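Worksheet: one structure, shown below.
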Amino acid sequence: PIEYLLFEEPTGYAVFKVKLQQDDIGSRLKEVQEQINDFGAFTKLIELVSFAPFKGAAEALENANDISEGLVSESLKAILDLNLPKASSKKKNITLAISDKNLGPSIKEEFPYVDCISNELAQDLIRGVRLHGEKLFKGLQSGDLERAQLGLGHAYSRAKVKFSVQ
Amino acid sequence: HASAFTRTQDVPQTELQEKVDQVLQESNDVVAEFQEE
Amino acid sequence: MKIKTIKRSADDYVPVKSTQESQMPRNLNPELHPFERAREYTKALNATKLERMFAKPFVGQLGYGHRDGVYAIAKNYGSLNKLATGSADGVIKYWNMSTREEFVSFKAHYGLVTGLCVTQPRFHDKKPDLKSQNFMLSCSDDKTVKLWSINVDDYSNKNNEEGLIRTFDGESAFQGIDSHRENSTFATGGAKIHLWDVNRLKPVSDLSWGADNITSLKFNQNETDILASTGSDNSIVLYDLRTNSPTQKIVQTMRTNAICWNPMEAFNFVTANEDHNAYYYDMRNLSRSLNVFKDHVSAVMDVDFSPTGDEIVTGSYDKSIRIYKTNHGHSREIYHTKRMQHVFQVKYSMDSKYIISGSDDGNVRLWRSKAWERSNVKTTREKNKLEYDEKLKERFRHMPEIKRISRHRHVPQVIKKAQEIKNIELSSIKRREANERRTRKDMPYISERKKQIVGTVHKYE
Amino acid sequence: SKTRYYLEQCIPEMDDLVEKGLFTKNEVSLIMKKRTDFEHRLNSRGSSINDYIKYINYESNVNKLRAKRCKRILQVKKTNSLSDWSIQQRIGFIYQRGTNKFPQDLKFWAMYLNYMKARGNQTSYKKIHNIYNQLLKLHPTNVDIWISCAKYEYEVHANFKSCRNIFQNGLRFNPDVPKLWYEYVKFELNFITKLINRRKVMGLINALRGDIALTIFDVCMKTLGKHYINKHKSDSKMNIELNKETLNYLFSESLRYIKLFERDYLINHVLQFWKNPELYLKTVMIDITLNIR
Amino acid sequence: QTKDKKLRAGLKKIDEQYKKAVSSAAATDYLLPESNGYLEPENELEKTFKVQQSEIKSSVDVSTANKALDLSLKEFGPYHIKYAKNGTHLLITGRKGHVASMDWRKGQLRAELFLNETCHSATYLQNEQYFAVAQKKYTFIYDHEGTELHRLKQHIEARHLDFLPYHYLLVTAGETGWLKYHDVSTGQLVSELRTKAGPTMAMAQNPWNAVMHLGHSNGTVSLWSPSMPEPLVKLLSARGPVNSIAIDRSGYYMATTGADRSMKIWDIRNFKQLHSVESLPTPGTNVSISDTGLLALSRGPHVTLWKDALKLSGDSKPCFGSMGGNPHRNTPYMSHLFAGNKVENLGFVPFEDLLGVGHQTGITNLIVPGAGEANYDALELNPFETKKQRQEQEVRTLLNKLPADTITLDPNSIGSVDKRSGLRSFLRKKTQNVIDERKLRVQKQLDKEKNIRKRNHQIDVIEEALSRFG
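Chains as they are written, first to last, in full-length UniProt numbering: chain A, 3 to 168; chain B, 323 to 350, 763 to 771; chain C, 1 to 159, 168 to 469; chain D, 2 to 207, 264 to 290, 296 to 323, 330 to 344, 356 to 372; chain E, 36 to 455, 495 to 533, 544 to 554.
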């Protein structure tokens, strides 16, 4: 039960739907790690469902700062609101897989019907997604990921140091 | 299984939602051999 | 003079591109496909050879394990990764099988642990977190039942209270434990079994046929008010909860070390019995047994049903662990190692793919349920080929060559020699019974399923 | 393999089509040849939108030929067969595979939607809504597709509540689009005029109305100012210059709102909030021309 | 039908599954890609055996008319023609030394071998690559370039070698009266049988059964398998020697020609000869069967093709000329005759509609409208094969080769079910003998008790007075 998983990206958020689970007793195995490493075996597990890009670089910087501090952003709340199915708020909650235990409780507070997961298994899925990157986007447009990394890294670092034209 | 059409939580989440909602609330041979064999 | 000959559109048969994959026309005419039985037989033979070559049952073990031998195992029925193991030293551990590591390690008791169970209590003072914590229930030798929390990183929607929620002091030495599910009400079998509530320190009710001890218990899966108990006057007693009373007693010959209900029929259960046997009983007609499972050479120690409800895994006092199907009555497979000894507990896993087996050398080794089904997700072509080979081997199973190479499993020499000695002894007993049948007139033809029941109490007819 | 699976799915309607006397065996074989060609060209590597579109076009032509053949060779408008819905199901499945493989093609998404709306008699409200949910999940920042789904629902079903929620979600995703703000105000005034004309015909057989659009205008100007500040957010001169650029932006937009624009009262509220140099001269000339009107 | 509901339900379940399988087979028959070719006279005055190869070459496309070859290599003897099982490679072996293996469609000579030692016959064994020729004495396995891979020694004077591809088994019928099954994968003489009758004049394989048919000097054909050293069956077919035999692809009909101007059409699966063509002016040299049930006869300057001669009707017996156009007479479907050539052998092309005759000057492909079957199966044999696809299918066939002893008369016979120190050593021998005598004694006692039990199962005045005195 790992139904959806989130992935943050320098050009916005991506929400994937998991189709088949690797069995969680042999998750330490050579064969499951090798099928994570191979691309053609990953798409049987993960298909993209939504991908909302950031508007501008300043919005990207502020949203990255909010992810760093561990809070939820307006765009993130909008994406999850559009994507996740509203189930009953008492039993049978919808399972979202994320990467941060610190990000867990804010997601849970904003959506009482969702349940965050950051396991070794969820970290393995996010690791595979990060490894395969633009091949998983099926032709959907994105910026050059590495150029986005460089720009956002410099902007975030200048913000945390308070660099100055003086 | 939620969609973009219906409202999800039935509570205003933005200022747009709450303002328009409160104003609408105001507005209400061979043969022999073979035989041998 | 109207003629037409056979032309081939070469663009149809070989594509104009280079990346396009060519078509593969198929004509299923049996005149065109000649050797049905021979091709399918050799495909089954190559399938069994590849299976016997790819049989690799052992996958790993759970960390460093325990010190003095694993005597209690309790899987988590809700989740999939979590089990609890309990040594005879007194320490209980809560293994994450995913990472093959522990969560915590509670040095629990002074004496041995005699039972473990995992659960979630239904407190009336609050609703405890079903999600950030799990709960364990350890049933000791020195007259104590201790209920523990485990902080569990399953969900991340929070961010104290690590160990020993509650203790239940006792009067007799507790020996077995199980928990009535969906109601959080646990029964402990000591010298007389007590039904305990989680929120009551005193035992709520007493269940006792007679004043003899009880070795083990187990609730049934469906229709969850039915309990079954194994007592050391070699007797199986079914208990009931909604009438709050003992229900029916059957007295066998030798003591039944374990019992296990099956999760897909709700009134069948298998008993691991000390005369090398596993008896598969119905509930309502206890005057006979539905089946016998026969292939051990020492005392069967534990049994479990696969959650599909069709296979039984049995661990024995001999250092070996067998897997049976419900229909056959003989061992489908035997697992064994020089490093494992006296397998005292066996639990089939919860997704019906693996078999955890706790031996008494202090190691909890988990194995595969079939020695071929790899954990990786497989493409449709390979999955179809795999199911094809399995179905074909099933069809041609009983040919002599297929049977020889499918049954040739290597067994340790002590088990092999003990099995053949047992066969000599049985054949000699059989010929003596045959000579007695020749001489004497009135002897009963005892059935091999009704043989081992000394007597039932509620004699129905 | 998978192509064999799809052609075997194609078999039985062809069986019924040749069994009923409207297609001979040679025509059946030629159809199956073209089907094998299209299925292999789809399933192979390096396939393309051109291949999917050509497949759809050929199947539509085959359906039209079958319709003409059924109207001619036996003069029945609808046979009680399997094929008559089978070909349409095949086209729907082709569109499904195309949008599963290339989920970036706006033109293919639009072809799918126009096909389903055109045969919308036999289709489902729920099916169109599933298509729109899939597309809006994939491309959430396309005000064209947001406006398209809202306008479809408003002009076909006139579901005011659901179209309102559609616009609310679209504006939550894209605050930066004055075209989206413009179209939301357009829909709101169309709904108000529809309601007041409903009241007029009610009186025939036997204002908050502007204030909703006024509030939409107010929150529009606020968020547009914020987001054009965020785009190119530095000293007092740069602050003043970006302030004046944002002011020109918002006031050209409010001029477009006036061009969109009862009407006198709405323009009064617009110039009110505008008051809240040369632009001031533009305001007062708008005032004197309104007093002329 | 039995009156047990469990067996009724089980057999009905098996029956309905069988029905679903054959109906899906017919659905594939709808999915078939192509269609056969026909020849129709269209009138009453026009007869099908009046057409000519020039007329058909004019009336068909350029691809088949370019495929239908006519090679003339007059230097060496009457040539022998063998196609590969795919239908793409051709192999000719002259009578003196010429052996050529050619792709023949794209026009590439794979391997040319000049051998002064007089060759007789040769076959592509498992691909286009390896082919086996016969010589004056020995048999030779040859590689794809033309190099010598192996000199098969034991196959001495191999007259009629032939290969069978599911078992990977190379039959070599010779002259001393002998037949050697030789596995080519492991490289090992699997079976060696002696033919008691005489020099095996003709030979062909039943392909559905994969058994060997020899035709002896007596006038009998004989069916053999590499398991047991006697013939499975023997059929008196004609008198004198048997010149040639051919067997349908379905493995149902046999056509034999014998030197006393005789032709027999046999049913192999039921061993009753369907009929006997006796009106034969010259003795028939060769006889072949196509894949579409079409029969080919060669008298030496003449080749004749009959369509629908392989059934049980009285009209299905082929004749050579009808009086006034009798419909109940089987006129020859298509004829041809050469100038002064004696056709050495002939074989249909596998997946086109041609038959190649090899004769004294060379090679000729005669176009037939309905010779070969139209649409092949690509899992088994592909006329279009890339190199990786070919070698992969080769490894696959080598994996799923069938064992030699499986070759029997009924290819379903696998499925049947049945119920099937000094003093110590001396005294040990003593006690062992005593124990064995003890076992035999207790066996005799049990037998005596069972005999008396069988007896209990089956059950003078002075003698009555003296009754109980014994």
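C-beta: ideal position from N, C-alpha, C; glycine also.
Pull up the DSSP beta-bridge partners for residue i, would you.
{"i": "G86 (chain C)", "result": "C:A72 and C:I92"}
{"i": "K19 (chain A)", "result": "A:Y6 and A:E49"}
{"i": "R515 (chain E)", "result": "Beta-bridge pairing links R515 (chain E) to no other residue."}
{"i": "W301 (chain E)", "result": "E:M289 and E:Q308"}
{"i": "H394 (chain E)", "result": "E:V378"}
{"i": "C268 (chain C)", "result": "C:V278"}
{"i": "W375 (chain C)", "result": "C:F58 and C:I363"}
{"i": "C139 (chain C)", "result": "C:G115 and C:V145"}
{"i": "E319 (chain C)", "result": "C:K333"}
{"i": "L235 (chain C)", "result": "C:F227 and C:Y247"}
{"i": "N241 (chain E)", "result": "E:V246"}
{"i": "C118 (chain A)", "result": "A:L98"}
Closest to residue i by C-alpha separation, out of the options, would be which residue?
{"i": "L112 (chain C)", "options": "C:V462, C:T85 and C:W380", "result": "C:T85"}
{"i": "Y115 (chain A)", "options": "A:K32, A:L98 and A:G42", "result": "A:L98"}
{"i": "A326 (chain B)", "options": "D:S163, D:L107 and D:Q10", "result": "D:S163"}
{"i": "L138 (chain A)", "options": "A:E33, A:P3, A:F44 and A:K88", "result": "A:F44"}
{"i": "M291 (chain C)", "options": "C:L434, C:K302 and C:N270", "result": "C:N270"}
{"i": "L172 (chain D)", "options": "A:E64, A:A80, A:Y6 and A:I27", "result": "A:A80"}
{"i": "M262 (chain C)", "options": "C:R52, C:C268 and C:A286", "result": "C:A286"}
{"i": "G407 (chain E)", "options": "E:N101, E:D283, E:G393 and E:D105", "result": "E:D283"}
{"i": "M358 (chain C)", "options": "C:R347, C:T322 and C:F313", "result": "C:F313"}
{"i": "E395 (chain C)", "options": "C:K2, C:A47, C:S9 and C:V14", "result": "C:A47"}
{"i": "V59 (chain C)", "options": "A:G28, A:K140 and A:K88", "result": "A:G28"}
{"i": "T174 (chain E)", "options": "E:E180, E:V516 and E:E192", "result": "E:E192"}
{"i": "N241 (chain E)", "options": "E:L514, E:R529, E:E547 and E:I442", "result": "E:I442"}
Alpha carbon to alpha carbon, what distance is there between residue j and residue i?
{"i": "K355 (chain C)", "j": "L22 (chain A)", "result": "26 angstroms"}
{"i": "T280 (chain D)", "j": "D177 (chain D)", "result": "8 angstroms"}
{"i": "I49 (chain E)", "j": "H310 (chain E)", "result": "39 angstroms"}
{"i": "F192 (chain D)", "j": "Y319 (chain D)", "result": "17 angstroms"}
{"i": "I148 (chain D)", "j": "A60 (chain A)", "result": "27 angstroms"}
{"i": "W341 (chain E)", "j": "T37 (chain E)", "result": "48 angstroms"}
{"i": "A135 (chain E)", "j": "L199 (chain E)", "result": "21 angstroms"}
{"i": "residue 466 (chain E)", "j": "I167 (chain D)", "result": "Between 455 and 495, chain E has no modelled residues, which means residue 466 (chain E) does not appear in the coordinates."}
{"i": "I258 (chain C)", "j": "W217 (chain C)", "result": "12 angstroms"}
{"i": "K411 (chain C)", "j": "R405 (chain C)", "result": "6 angstroms"}
{"i": "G14 (chain A)", "j": "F56 (chain A)", "result": "5 angstroms"}
{"i": "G135 (chain A)", "j": "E69 (chain E)", "result": "46 angstroms"}
{"i": "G153 (chain A)", "j": "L147 (chain A)", "result": "10 angstroms"}
{"i": "residue 164 (chain C)", "j": "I342 (chain C)", "result": "One cannot assign coordinates to residue 164 (chain C), given that chain C in this structure leaps from 159 to 168."}
{"i": "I69 (chain A)", "j": "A324 (chain B)", "result": "25 angstroms"}
Below 8 angstroms on the Cβ atoms is my contact criterion, and I expect residue i with residue j to pass it. Report the Cβ-Cβ distance as a whole number of Å.
{"i": "residue 570 (chain E)", "j": "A208 (chain E)", "result": "Residue 570 (chain E) lies beyond the stretch modelled for chain E, which goes from 36 to 554, so this question has no answer here."}
{"i": "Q161 (chain E)", "j": "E420 (chain E)", "result": "Going by Cβ atoms, the distance from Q161 (chain E) to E420 (chain E) rounds to 13 angstroms, so no, they are not a contact pair."}
{"i": "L215 (chain C)", "j": "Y247 (chain C)", "result": "5 angstroms"}
{"i": "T144 (chain C)", "j": "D177 (chain C)", "result": "6 angstroms"}
Query raised in the report: Which runs of the beta strand (DSSP E) spanning at least 3 residues fall entirely within the stretch 112-185 of chain D, listed in chain order?
Result: none
Query raised in the report: In chain order, which alpha helix (DSSP H) runs of at least 4 residues are fully inside the stretch 85-130 of chain E?
Result: 88-94 and 97-102
Query raised in the report: Hey, which unbroken runs of the beta strand (DSSP E) at 3 residues or more fall wholly within the stretch 185-235 of chain E?
Result: 196-199, 204-208, 213-218 and 223-229
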